[PDB]
Amino acid sequence: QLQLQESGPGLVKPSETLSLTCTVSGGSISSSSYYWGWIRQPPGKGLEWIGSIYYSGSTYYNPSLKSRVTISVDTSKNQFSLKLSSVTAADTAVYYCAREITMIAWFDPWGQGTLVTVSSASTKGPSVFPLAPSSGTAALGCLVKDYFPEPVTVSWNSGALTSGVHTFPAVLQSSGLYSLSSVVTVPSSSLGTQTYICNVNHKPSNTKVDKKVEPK
Amino acid sequence: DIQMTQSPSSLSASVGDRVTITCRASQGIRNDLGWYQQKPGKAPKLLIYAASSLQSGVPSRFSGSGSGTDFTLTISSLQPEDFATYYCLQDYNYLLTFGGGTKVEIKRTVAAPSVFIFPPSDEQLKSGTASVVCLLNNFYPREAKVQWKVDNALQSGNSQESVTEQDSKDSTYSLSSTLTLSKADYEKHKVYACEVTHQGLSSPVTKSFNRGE
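Procedures and definitions
- Residues numbered from 1 in each chain as written, not as in the entry; some residues may be left out.
- Chains lettered and ligands numbered in written order.
- Heavy atoms only, no water.
- Domains from an automatic or database assignment.
- Contact = heavy atoms within 4.5 Å.
- Buried area = accessible area lost by both parts, 1.4 Å probe.
- Salt bridge = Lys/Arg side-chain N within 4 Å of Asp/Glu carboxyl O.
- Disulfide = S-S within 2.5 Å.
- Helix = DSSP H or I, 4+ residues; strand = E, 2+ residues; numbered from the N terminus.
- Buried < 20%, exposed > 50% of the residue type's maximum accessible area, 1.4 Å probe, protein only.
- Nonpolar A, V, L, I, M, F, W, Y, C, P; charged D, E, K, R; others polar.

- Chain B is annotated in the PDB entry as Light Chain of Homo sapiens.
- Here the PDB entry title reads "Structure of protective antibody 38-1-10A Fab".

- The PDB entry annotates chain A as Heavy chain originating from Homo sapiens.

This is the structure:
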């Protein structure tokens, strides 16, 4: 089963070069039946194809970005990469890699997508505060405050608790820093026995925090 | 370049209805058309390739048709998990272009929100700011109003709201409102109230607490 894992920094300064790599597992990138492409999606906007590459090295680019784009392939390391030069804020987007079949408009499978923020601003890690449950069912959560840039990842009990979880879209504050909350509804009878831990991950700052939520 | 005009931009349909999305190419592209489904925070998923070929694993209620310039994606019996944004893609002449996308919303019965209020944590009051959070859980439709009262005085300009996308199982929404105050001002007052008005409530629901207790 073919899997695509993409990697690269989510923060690039203006005029600098965006760089991303897609690693192929469960199959060979040296297949004569597939091309390997990059698609991007600005926040709140649609999908734009950047370019595709064959394992021999032949490339097809979106002509609206051809002067600024390079796509390479490394068959020995089963990877293909993307370089976008002189990036501007207009290049802030989620970048996806995908396996392509030509002519039939086939992109399958996809990478999970990497958000790249084009900004000269400095990275800032978040502070995490508990939304303590106060009261059949109770609500509790975490406040992830003051970080830059997006995104943060929030799970509960290292992923073991998913039902009832609502992680809200991040909110931009007047200072220019982001803030979000994640909440979950649980039975009140589980509050003094079951443990509820929110796991906040912010890869731009390499900060991972576990805040245990207890009734105040 | 070849342009894909996708329509409509957004639609609202009930479970069991037939959803029809159309995509028009600026010139003929034979059947070099694909249909993609994108759920919140996830990569687009291939549904149909070559205009009308169903991808393995995709439920049979999805179907595509058309050749030349007019293409149609049809969901015969809409399901709650089908909430997504759908995209057409053409790759004629090896130059790829996407349609603008169609946001498909699920229409369901009115559900009143459950309201919770959270006081500021103790370790945040050590930093000098206080954040009061109000949670509106699992409601439909999306329209809701939240008002903050500090000692029964209305607040403005010191709060922000966030709304989840439609839940893939119950088709409801959730909203969180965060009122941020300075620590110095959080301690001047006692009563902190969150007041919500929604179509599913016979009258506004207010959750509140008193600093301490």
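1. Some words on the domain arrangement of chain B
Accessible area lost upon the coming together of the parts serves often as the stated size of an interface.
Residue and element names in this part refer to chain B.
So, point 1. Taken domain by domain, chain B comprises domain 1 (4-107) and domain 2 (114-210).
So, point 2. In this complex, domain 1 contributes eight residues to the contact, which on the side of domain 2 involves six residues.
So, point 3. Summed over both sides, the interface of domain 1 with domain 2 buries roughly 610 Å², with 48% coming from carbon and sulfur.
So, point 4. Contact with domain 2 buries area across many residues of domain 1, yet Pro 80, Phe 83 and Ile 106 alone supply 61% of it, more than any other trio.
So, point 5. Summed over the shared surface of domain 1 and domain 2, the result is one salt bridge.
So, point 6. A salt bridge links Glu 165 to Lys 103, with the nearest nitrogen and oxygen atoms 3.7 Å apart.

2. Concerning the state of the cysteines
So, point 1. Following the criterion strictly, the structure yields four disulfides over all chains and no others.
So, point 2. Each sulfur of the disulfide joining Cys 142 of chain A and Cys 198 of chain A lies 2.0 Å from the other. Disulfide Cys 142 of chain A-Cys 198 of chain A: torsion about the S-S bond near -95°, hence left-handed. Pair noted here: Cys 142 of chain A is in strand β13 (residues 137-147) and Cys 198 of chain A is in strand β18 (residues 197-202), with a separation of 56 residues, a long-range link. The same class applies to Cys 142 of chain A and to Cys 198 of chain A, which are both buried.
So, point 3. With a sulfur-sulfur separation of 2.0 Å, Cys 134 of chain B is cross-linked through a disulfide to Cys 194 of chain B. When the S-S torsion is -90°, as for the bridge of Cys 134 of chain B with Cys 194 of chain B, the disulfide is left-handed. Of the two residues, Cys 134 of chain B is situated in strand β13 (residues 129-139) and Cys 194 of chain B in strand β17 (residues 191-198); the sequence distance between them amounts to 60 residues. Accessibility assignment for this pair places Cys 134 of chain B and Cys 194 of chain B in one class, buried.
So, point 4. Here the bonded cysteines of chain B are numbered in sequence order, and their pairing is 1-2, 3-4.
So, point 5. For chain A, the bonded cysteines connect in the pattern 1-2, 3-4 when numbered consecutively along the sequence.

3. Describing the interface of chain A and chain B
So, point 1. Listed as interface residues are 43 residues of chain A and, on the opposing side, 41 residues of chain B.
So, point 2. Summed over the shared surface of chain A and chain B, the result is one salt bridge.
So, point 3. A salt bridge links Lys 211 of chain A to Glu 123 of chain B, with the shortest nitrogen-to-oxygen separation between them at 2.8 Å.
So, point 4. In terms of residue class, the side of chain A that touches chain B is made up of 27 nonpolar, nine polar and seven charged.

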